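Engineer: here we go, the starting part of the complex in its complex frame:
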Amino acid sequence: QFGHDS
Amino acid sequence: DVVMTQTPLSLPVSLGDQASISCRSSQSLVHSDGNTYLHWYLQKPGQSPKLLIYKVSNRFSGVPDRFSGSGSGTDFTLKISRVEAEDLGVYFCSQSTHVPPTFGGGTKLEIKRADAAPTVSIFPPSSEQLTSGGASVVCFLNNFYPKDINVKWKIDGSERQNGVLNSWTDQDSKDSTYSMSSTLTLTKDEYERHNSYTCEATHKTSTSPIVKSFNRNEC
């Protein structure tokens, strides 16, 4: 559910 | 948090048969991105969970064809087309649509065999323990199937709850039964106040409890 770092 | 509810708690199967396990979420698992982040894990004793199915119906790398998943919204199912011995273990569903990710309580895939009532034995406190000030009364409930069973302790005919420790074996590899030990720990003083000690085992194999007793004064 967490945001990935681009 | 999102509550994941699995049914049944335990599923008995014969090798080569089909198995289905259910998972219900308390809240819809459809993400805003349109995915449904519902996954299934298998955990064997002594090992970590391994991913089996992700996003409802995708088989993880190396997972055999006999595993498949389905469902929508809040109701999901894991299906095993033909159960192999290596499939035995505890299955967990899990959701990652909402923070925090949560897991169901597990469904244990176990072996079916004929029903069997427990063999029940009761034992009084040892003189060694009484010298130390304690008095444990022990009841063994051995070689029964299925695993679900309940024990009631009675002292002078009245039920007792405080001081009971129940411990189950895993399913036996030789005969596929279970066993359990129930220990009622009293102080020496409490033990010496009463005389009749009884453990009662209730199991699906009979509507009558199995009753084993001893009288302290005869020990």
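Structural biologist: Arrived safely. Numbers count the residues shown, from 1 in each chain, chains lettered A, B, ... in the order given.
Engineer: what does chain B have sitting close to chain A?
Structural biologist: Within chain B, the positions lying close to chain A (C-beta under 8 Å from any C-beta of the partner chain) are B:37, B:96, B:97, B:98, B:99, B:100, B:101. From N, CA and C alone the C-beta is placed, and that goes for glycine too.
Engineer: need the phi and psi values for the residue sitting furthest away from the middle of chain B.
Structural biologist: Within chain B, the residue lying farthest from the chain centre (C-alpha atoms, centre = their mean) is residue B:33, at 37.4 Å. Main-chain dihedrals, residue B:33, degrees, to the nearest 10: phi -80, psi 0.
Engineer: try residue B:7
Structural biologist: Dihedral angles (degrees, to the nearest 10) for residue B:7: phi -140, psi 140.
Engineer: ok, now which ones touch it?
Structural biologist: By C-beta atoms under 8 Å, 6 or more residues apart in numbering or on different chains, the contact list for residue B:7 reads B:21, B:22, B:24, B:107.
Engineer: show me what the helix or strand where the first one lies pairs with in its sheet, parallel or antiparallel.
Structural biologist: Spelled out, that is residue B:21. Residue B:21 belongs to strand B:19-25 when assigned by DSSP states H and E. Strand B:19-25 sits in its sheet next to strand B:4-7 (antiparallel), strand B:75-80 (antiparallel), going by DSSP bridges.
Engineer: hmm, who's touching the lengthiest helix in chain B?
Structural biologist: Longest helix of chain B, by residue count under DSSP state H: helix B:127-132. By C-beta under 8 Å, 6+ apart, the surrounding residues in contact with helix B:127-132 are B:135, B:136, B:188, B:191.
Engineer: dump stretch B:177-191 to CSV, restricted to CA.
Structural biologist: Extracted as CSV, the C-alpha positions of stretch B:177-191 are listed here (Å, rounded to 0.1, in the frame of the first residue of the first chain):
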residue,chain,number,x,y,z
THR,B,177,-4.1,-38.2,15.5
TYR,B,178,-3.6,-35.4,18.0
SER,B,179,-2.9,-35.5,21.7
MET,B,180,-3.1,-32.8,24.4
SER,B,181,-2.0,-32.3,28.0
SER,B,182,-4.1,-30.4,30.4
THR,B,183,-2.5,-29.3,33.7
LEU,B,184,-4.3,-27.7,36.6
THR,B,185,-1.8,-26.1,39.0
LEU,B,186,-2.8,-25.5,42.6
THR,B,187,-0.9,-24.6,45.7
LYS,B,188,-0.3,-27.4,48.2
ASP,B,189,-2.8,-25.6,50.6
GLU,B,190,-5.6,-25.5,48.0
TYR,B,191,-5.0,-29.2,47.0
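Engineer: list the buried ones in it?
Structural biologist: The neighbour-count check on stretch B:177-191 (16 or more other C-beta atoms under 10 Å in any protein chain shown) flags B:177, B:178, B:179, B:180, B:182, B:183, B:184, B:185, B:186, B:191 as buried.
Engineer: include this sequence as chain C:
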Amino acid sequence: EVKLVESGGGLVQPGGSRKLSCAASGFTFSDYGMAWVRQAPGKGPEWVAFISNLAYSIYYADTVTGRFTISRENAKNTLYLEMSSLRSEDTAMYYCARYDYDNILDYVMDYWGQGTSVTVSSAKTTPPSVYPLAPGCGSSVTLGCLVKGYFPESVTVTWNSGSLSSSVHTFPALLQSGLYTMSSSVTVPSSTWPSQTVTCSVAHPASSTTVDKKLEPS
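Structural biologist: Chain C added:
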């Protein structure tokens, strides 16, 4: 293959601290969010902590927030869990897990390590008390030994120095008054006991103890 190996567990006093580490290999660590998940015995997995691949985002379960800190060093392929103010209910197997992604969301914990075990207890090394469970008070008799009040795990109970095992039941230890208790049963034909001796032997390596208890009827 992807591999995760946890380390740093052990026995900690309540209120103590512990720093777990997780060594990652077989993938580009800096590309993946990472998590810690714990499991108490008999219970399901419980997610603990998350850290994104460049550590822009950190999340904790409510049960550990303010006590646990997750960190990572991408150049060393290592994930960490700093645990403080430890409590009895923190006793668990602690797993490192990788989060997979396809676009902008870490959405599944796909690979897990084998775990590092953390026990939170103020108990000191204590040898067991071994108590005979004696019948007396068909053609088969069941006997037992109660092994009470020891720490840490584990113990090994054998019957007649291991000559009796086919009918033995070893019951898993449980906590009782801050120490462990287990029991063991054996079933022998009546023609053997009490006519011949039945003895339980209890080995508790941490306390340097081995005690034999000969079973006598009521």
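Engineer: now that chain C has been added, could you go back to the buried residues of stretch B:177-191?
Structural biologist: Buried residues in stretch B:177-191, counted by 16+ other C-beta under 10 Å: B:177, B:178, B:179, B:180, B:181, B:182, B:183, B:184, B:185, B:186, B:191.
Engineer: can you tell me if it touches chain C.
Structural biologist: Yes - using C-beta under 8 Å from any C-beta, stretch B:177-191 reaches chain C at B:179, B:180, B:181, B:183, B:185.
Engineer: what distance separates the helix or strand the second one falls within from the centre of its chain?
Structural biologist: Residue B:180 belongs to strand B:178-187 when elements are defined using DSSP H and E. Taking C-alpha atoms, centre = their mean, to the nearest Å, one finds strand B:178-187 lying 17 Å from the centre of the chain it belongs to.
Engineer: direction included, what does it pair up with?
Structural biologist: Sheet pairing for strand B:178-187, using DSSP bridges, gives strand B:134-144 (antiparallel), strand B:164-168 (antiparallel).
Engineer: out of those, deepest packed?
Structural biologist: strand B:134-144 (a mean of 24; mean count of other C-beta atoms under 10 Å in any protein chain shown).
Engineer: helix or strand next in line after it, which one?
Structural biologist: Taking DSSP H and E, what comes next after strand B:134-144 is strand B:150-155.
Engineer: what is that following strand packed up against?
Structural biologist: If you count contacts as 3 or more C-beta pairs under 8 Å, 6 or more residues apart in numbering or on different chains; DSSP states H and E, strand B:150-155 packs onto strand B:134-144, strand B:158-160, strand B:164-168, strand B:178-187, strand B:196-203.
Engineer: how about the ones you listed in a markdown table, adding distance to residue B:151?
Structural biologist: Formatted as a markdown table, those follow (distance: least, C-beta to C-beta, whole Å):
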| stretch | distance to residue B:151 |
| --- | --- |
| strand B:134-144 | 6 |
| strand B:158-160 | 11 |
| strand B:164-168 | 6 |
| strand B:178-187 | 4 |
| strand B:196-203 | 6 |
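Engineer: ok, which of these comes nearest residue C:74?
Structural biologist: Comparing the helices and strands packed on strand B:150-155 against residue C:74 with C-beta to C-beta, the closest turns out to be strand B:164-168 (44.5 Å).
Engineer: torsion angles phi and psi at the residue in chain C that chain A sits nearest to?
Structural biologist: Of all residues in chain C, the one sitting closest to chain A is residue C:54 (3.8 Å; C-beta to the nearest C-beta). Per-residue torsions, residue C:54: phi -100, psi 20 (degrees, to the nearest 10).
Engineer: what of residue C:74?
Structural biologist: phi -60, psi -40.
Engineer: tell me how many other residues crowd it.
Structural biologist: By other C-beta atoms under 10 Å in any protein chain shown, 16 other residues sit near residue C:74.
Engineer: so the residue lying closest to it once chain neighbours are set aside, which of the three states?
Structural biologist: Spatially, and ignoring its direct neighbours in sequence, residue C:74 is nearest to residue C:30 (4.0 Å; C-beta to C-beta, 6 or more residues apart in numbering or on different chains). Three-state call for residue C:30 (DSSP: H, G, I helix; E, B strand; the rest coil): helix.
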